[PDB]
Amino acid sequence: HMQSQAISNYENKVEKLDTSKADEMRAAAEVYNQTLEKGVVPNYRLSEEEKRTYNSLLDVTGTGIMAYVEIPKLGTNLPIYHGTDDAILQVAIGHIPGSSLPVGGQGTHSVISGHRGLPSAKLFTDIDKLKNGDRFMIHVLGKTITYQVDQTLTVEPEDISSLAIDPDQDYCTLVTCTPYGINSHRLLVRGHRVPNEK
């Protein structure tokens, strides 16, 4: 509802950027991605300096919306905020700081999550319905990037080893809470980069 309008605002801002500036902003995100450690358990603890850098990238709207995710099977369209934005994470999807920014490329693994969302917000609560072969799309600065689901893991909240950046791959993982028993777990739905469809 508010998400619908955040996405429209994002699109309007994008449509007003010159292609040159869109490309410059995207390239700056790719350059940052290249600086991240790879082949190791991710470090999701940023220093203040690193947070400053992170917050200044892909801030199209000035409200911290970097992109939006589309999941046709679920009818999903959701704005993706910086994961330091915090208040807004109770009602919107957050990119996990320290993971690759969602612009794709070899040697990237971006993580976007609804795990801090309020139960009533319904963020990614349907992703357990995704099967291997289903598609989702990140729309970032006028460019569309497509992922095909290839993995579905239910893990204890501490187990982030599968979120490591592989230098030969381009992955995006969608994350949500999955409550069962008297405890809380995490569902990680990974996709690998594939070409955009016609």
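Start at 1 with the first residue shown and count on from there.
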Which wins on mean Cα temperature factor, 157-165 or 135-143? 135-143
Mind pulling up the entry and telling me whether 63-71 or 169-177 has the higher mean Cα temperature factor? 63-71
Pick out which of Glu48, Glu37, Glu30, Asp150 has the highest C-alpha B-factor in the PDB entry. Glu48
Would you check the entry's CA temperature factor for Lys122 and let me know if it's in the chain's lowest, middle or highest third? highest
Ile80 - which third its CA temperature factor falls in, relative to the rest of the chain: lowest
Third assignment of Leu187 from its chain's C-alpha B-factors: lowest
Could you place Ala92 in the lowest, middle or highest third of its chain by Cα temperature factor, using the values in the record? middle
